[PDB]
Amino acid sequence: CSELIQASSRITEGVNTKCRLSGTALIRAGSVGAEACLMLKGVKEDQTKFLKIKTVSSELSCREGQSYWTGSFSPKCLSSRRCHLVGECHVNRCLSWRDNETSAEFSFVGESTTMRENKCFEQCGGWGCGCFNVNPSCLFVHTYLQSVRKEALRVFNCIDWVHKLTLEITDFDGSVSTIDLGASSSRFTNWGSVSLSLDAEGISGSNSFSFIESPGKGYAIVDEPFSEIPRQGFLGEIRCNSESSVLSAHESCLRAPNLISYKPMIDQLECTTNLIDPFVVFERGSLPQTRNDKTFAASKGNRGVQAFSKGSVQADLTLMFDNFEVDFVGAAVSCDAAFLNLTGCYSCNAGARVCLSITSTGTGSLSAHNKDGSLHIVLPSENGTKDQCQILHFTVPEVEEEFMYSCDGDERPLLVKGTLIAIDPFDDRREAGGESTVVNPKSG
Amino acid sequence: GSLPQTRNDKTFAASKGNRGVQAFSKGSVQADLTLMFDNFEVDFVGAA
Amino acid sequence: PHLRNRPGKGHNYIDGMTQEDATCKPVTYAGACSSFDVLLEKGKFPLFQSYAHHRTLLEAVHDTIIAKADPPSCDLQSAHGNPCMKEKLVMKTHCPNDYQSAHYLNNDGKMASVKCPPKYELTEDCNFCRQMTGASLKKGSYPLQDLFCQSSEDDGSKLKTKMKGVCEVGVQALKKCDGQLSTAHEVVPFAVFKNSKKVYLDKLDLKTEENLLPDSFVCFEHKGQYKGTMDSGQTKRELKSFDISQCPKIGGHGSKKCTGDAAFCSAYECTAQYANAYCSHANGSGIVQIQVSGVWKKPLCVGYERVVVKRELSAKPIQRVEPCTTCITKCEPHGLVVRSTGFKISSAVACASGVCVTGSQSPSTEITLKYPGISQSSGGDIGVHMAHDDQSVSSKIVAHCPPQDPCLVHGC
Ligand SMILES: *[C@@H]1O[C@H](CO)[C@@H](O[C@@H]2O[C@H](CO)[C@@H](O[C@@H]3O[C@H](CO)[C@@H](O)[C@H](O)[C@H]3NC(C)=O)[C@H](O)[C@H]2NC(C)=O)[C@H](O)[C@H]1NC(C)=O
Ligand SMILES: *[C@@H]1O[C@H](CO)[C@@H](O)[C@H](O)[C@H]1NC(C)=O
Ligand SMILES: *[C@@H]1O[C@H](CO)[C@@H](O)[C@H](O)[C@H]1NC(C)=O
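Residues numbered from 1 in each chain as written, not as in the entry; some residues may be left out. Chains lettered and ligands numbered in written order. Part of a larger assembly, values for the part shown. Heavy atoms only, no water.

What the entry reports as its method is cryo-EM, with 3.1 Å given for the resolution.

*Asks:* Teacher, can you tell me more about the overall build of chain C here?
*Replies:* Counting secondary structure elements, chain C contains six helices and 25 strands. Projected onto the principal axes, the alpha-carbon positions of chain C cover approximately 130 × 60 × 40 Å. When the 412 residues of chain C are sorted by exposure, 43% land in the buried category. Pairs at least 24 residues apart make up 63% of the contacts formed inside chain C by residues separated by at least 6 positions. Of note, chain C has its 48 positive side-chain charges centred 2 Å away from the centre of its 42 negative side-chain charges. (Helix = DSSP H or I, 4+ residues; strand = E, 2+ residues; numbered from the N terminus. Buried < 20%, exposed > 50% of the residue type's maximum accessible area, 1.4 Å probe, protein only. Contact = heavy atoms within 4.5 Å. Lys, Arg positive; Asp, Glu negative; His and termini not counted. Charge placed at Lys NZ, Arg CZ, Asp CG, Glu CD.)

*Asks:* What's the story with the interface of chain B and chain C in this structure? I'm lost.
*Replies:* The parts lose accessible area when they come together, and the size of an interface is often stated as this lost area. If you look at the interface, chain B gives six residues, while chain C gives eight residues. Roughly 600 Å² of surface becomes buried between chain B and chain C when both sides are summed, with 57% attributable to carbon and sulfur atoms. Where chain B packs against chain C, one counts zero salt bridges. Here the residues of the side of chain B that touches chain C are counted per class, giving two nonpolar, three polar and one charged. (Buried area = accessible area lost by both parts, 1.4 Å probe. Salt bridge = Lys/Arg side-chain N within 4 Å of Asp/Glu carboxyl O. Nonpolar A, V, L, I, M, F, W, Y, C, P; charged D, E, K, R; others polar.)

*Asks:* Any chance you could explain the arrangement of the chains here in plain terms?
*Replies:* Ranking the two pairs of chains in contact by number of contacts places chains B and C first. There is a clear gap between chain A and chain B: no contact, and 11 Å between their nearest C-alpha atoms.

*Asks:* Help me understand empty space enclosed by the protein, please; the structure alone is not making it clear to me.
*Replies:* Space left empty within the atom packing is revealed by a probe, the size of a water molecule, rolled over the atoms. All names here are of chain C. When its volume is computed, the largest cavity comes out at roughly 100 Å³. Lining the largest cavity we find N12, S35, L39, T56, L57, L58, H103, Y104, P143, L144, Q145 and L147. When contributions to the lining of the largest cavity are tallied by element, the ones reaching two or more residues are α3 (57-62) and β1 (101-105). Of the residues belonging to the lining of the largest cavity, the class tally is seven nonpolar, five polar and no charged. Put simply, the second largest cavity is a space of about 70 Å³. Surrounding the second largest cavity, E87, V90, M91, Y104, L105, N106, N107, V171, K198, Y200, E305 and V307 form its lining. Going through the elements one at a time, β1, β10 (198-200) and β18 (301-311) are the ones with two or more residues in the lining of the second largest cavity. (1 Å grid on protein atoms, 1.4 Å probe; cavity = no way out; pocket = protein on both sides within 12 Å on 5 of 7 lines; lining within 4 Å. Points joined across faces, edges and corners; volume = space filled by probe spheres on them.)

*Asks:* Before we go on, may I ask you to explain the side chain of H376 of chain A in this structure?
*Replies:* With respect to the helices, strands and loops of the structure, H376 of chain A is situated in strand β22 (residues 376-377). Among the polar contacts listed, one links the side chain of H376 of chain A to the side chain of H369 of chain A, at a separation of 2.9 Å. (Polar contact = N/O pair within 3.5 Å; in protein donor to acceptor, adjacent residues only side chain to side chain.)

*Asks:* What exactly am I supposed to notice about the environment of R239 of chain A here?
*Replies:* All names here are of chain A. Mapped onto the elements of the fold, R239 is located in strand β13 (residues 238-239). Note: C-alpha distance between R239 and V155 (84 residues apart in sequence) is 9.3 Å. Residues within four places of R239 in sequence aside, it is in contact with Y68, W69, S227, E228, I229, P230, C253 and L254. Of note is the side chain of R239, whose polar atom sits 2.5 Å from the backbone oxygen of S227. In this structure the side chain of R239 is engaged in a polar contact, spanning 2.8 Å, whose partner is the backbone oxygen of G236.

*Asks:* Is there a simple way to think about the state of the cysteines in this case?
*Replies:* What is meant by a disulfide is a covalent connection between two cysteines, made through their sulfur atoms. Summed over all chains, the structure comprises 20 disulfides over all chains. The residue that forms a disulfide with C345 of chain A is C348 of chain A, at a sulfur-sulfur distance of 2.0 Å. In this structure the cystine formed by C345 of chain A and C348 of chain A twists about its S-S bond by roughly 105 degrees; its chirality is therefore right-handed. Across this residue pair, the class does not change: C345 of chain A and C348 of chain A are buried. Between the sulfur atoms of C265 of chain C and its disulfide partner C270 of chain C the distance amounts to 2.0 Å. The chirality of the disulfide connecting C265 of chain C with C270 of chain C is left-handed, given an S-S dihedral of about -110 degrees. This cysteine, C19 of chain A, is not joined by any disulfide, and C324 of chain C carries the nearest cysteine sulfur, 20 Å off. (Disulfide = S-S within 2.5 Å.)

*Asks:* Help me out: how do you make sense of unusual backbone geometry in this one?
*Replies:* The bulk of non-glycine residues show a negative phi, and the bulk of peptide bonds are trans. Positive phi is not limited to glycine here, since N302 of chain A has a value of about 50 degrees. Here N302 of chain A falls in the exposed class, since its relative accessible area comes to 54%. The phi angle at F37 of chain B is positive, at roughly 55 degrees, despite the residue not being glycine. When its relative accessible area of 62% is taken as the criterion, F37 of chain B is described as exposed.

*Asks:* Help me understand the site of ligand 2, please; the structure alone is not making it clear to me.
*Replies:* All names here are of chain A. Neighbouring ligand 2 are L85, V86 and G87. Between ligand 2 and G87, the relevant distance is 3.4 Å, taken from an oxygen atom to a main-chain nitrogen or oxygen of the residue. In isolation ligand 2 offers 360 Å² of accessible surface; the protein chains occlude 25% of this area. (Near = heavy atom within 4 Å. Areas by Shrake-Rupley, 256 points an atom, 1.4 Å probe, with all protein chains shown as cover.)

Okay, here's the thing in structure tokens:
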């Protein structure tokens, strides 16, 4: 499918004399679920090492910007009522009480890291009230917030979405390699590095929603703009910088003014507040939600969020210094293959599925090539009988071809039959295409 | 994006000697160069 | 001065230099030990000062955690003509004045030391001994390296130094290299495990986990304290060390009544009577584990050193040679056509005696361009510069053509 003649090396009998193949390869990445093929040709009926690049999936990952944490809080109040001219019950001190200054009555609290505030309220003054003096008495209140539930939620926003391709690197003699990379980025794998161009679109715009993450539980979406300043009656009215601060109600957390409602009725004070339960909002908007045809959802491995939108990209990944050769592969191996069936479509991004029954005596590959060399089929061969499958592209309603299949041995013919279904576009001018298309919603 | 690229009919490319870049665009110029104090003469040229 | 409540025996003295046993045998809050007080100076030995409740090198030696090297300390007075000072000479140290000895952890993972002849002192680089008249040498030995030790049973016989791009670090010859060799002095962290040698590391990823073993508790007592050791009138309020081995374990027997904080009461049995000692839990004691090769292990000692490392900058920065000629260029009456075998051509330019002509197209194995000036009529040599999709292909080629006939070009 693609040779390395300008950098090919002698890959002596039996032993390997690989010379660290340095020539880069420029081949177009296959569509989603397709594969990219390489040819390492040595001596006929020998060598024929195949490096494959499976395209697992293309996702529109999120690039998070600012973030904060929040939880559920409830207040507790301590009250102390003193008559006039007792302690700091002077009226001038009474109205000018700073919220961050603690009264002397609540000194057993002492120094604490919890979020807290202090208020002073004037009351009646007189023998009916309880104090001989007729000037107004004072009620000092110290309130501190405490976390109700032992959980926290992280609220963030996506400034932009980035295309992100996952590849499966079927390496020479072993396919234990899976990598993920973005646009114009390279990853230092074995035998050099793999780079991705993805020159079509490196971004897919922005958004004006907010996202919630519950660690170990998933994600969710809320339909409000991400505000960096706390607001009463909204989400993130009390916000912190870490889960520990939320779970401990640490004083470093920010909160909006006037959240606590005070009821200084003469019998007992009532300290209470109405707070948006972030857990309720989190449960309301679990991720599988569609907004103006975007359908945000959890990325595989629950490491983020996606964005399914109509579109497509062009990916041209490049290898470099690809060198992975051994000596034990000098021995030849024989196999037997049997055509199984054909399904799929033609001239479609999904492509056509070919499944083959391979009856082999050992480890090996398959190198069926058509008469004109346009179409290539590669499938591993294993001991006994196995059923493998592959993805190709066609442009004919009916498929009837012959391929020259030979697994490092004698050349044999393989004949493929079957037809392909027709995709209805409901609107066609010239053709569909075969590029790399990202997932789209139905309403798009 | 190696240099031999054309953008909106400009075709930037490497200058001779790889000391910079060029810009091939439609146009023309009028050049009127001037010499001054040009004196380069010897004696052996007297022979025919 | 809680840091002077040493774990274990707390014997901060070296063999031979036993003239300070009053204060260097178990280090306590009272006296001053020359081989220990240097570790507590601000700005010096910061790694140990962070892990201040773990054993020192001398303490680890006296607890049989770390062995003593063959010739434990070959005296320069009697063995200055022997190949002793080899591992010391590759380190860049800095001794203060009036010190007659200095100890370090050698390559094998044992403790060695350098001792100057009597009345001499180690110089500022600890490499030579010099004599000063009327100078009072300190009775201890200067700790050369910044390290802390602990007791571990984890095996490390398969542990070895794995540094990338290093031909030789310290006294260890990692491999054999030829060519350029960047030689310098660098700060390398290192660890020592059980049944192993020194292991230099590229990174220091270490974590500490707490426990309730006796080494994690600091037990003290007052001087002049009623019904305790040293029960006599004092003119000063000072503390005294206590051995936690006497306080009974929970649901067990003991010899002394013992009280403490929450952790001690959870681990040990706190008394309901008048107590004999107070047992607190240490700042940061515990078990320190180092990440080697991606897996955590329990080291015997952890420290850092300033040693001479030889690196290889590069074998070859980059190789750019591309005499590629895998294309056919032929001048045609319709246009100048070049077919590039393999690599596709998107845009190209052709120059012929100053005048050049450009061409743009989709990536394809061939491209056609208009002829530059009168080169079509005059033939000659025309240079072509094109942009290929691949690499390692020459972008400058030359095409030689004979004069052409425009009649076929414009024929209609
Ligand atoms: C009209 O006359 C011109 C003058 O002779 C011709 O133009 C040039 O003539 C040169 C020799 O007189 C040629 O030089 C040769 O060039 C090739 C490579 O091009 C070299 O390998 C040779 O060493 C060099 N010298 C010799 C003696 O061959 C030029 O190539 C040539 N220019 C061309 C052909 O473009 C014209 O060819 C001529 N035209 C007609 C229509 O008769
Ligand atoms: C009365 O007693 C209070 C103590 O509760 C004291 O703070 C205040 O200053 C006193 N007022 C006087 C002495 O006028
Ligand atoms: C917080 O309290 C301190 C001491 O009580 C005071 O100095 C400071 O001004 C207060 N901060 C305010 C009022 O913003």
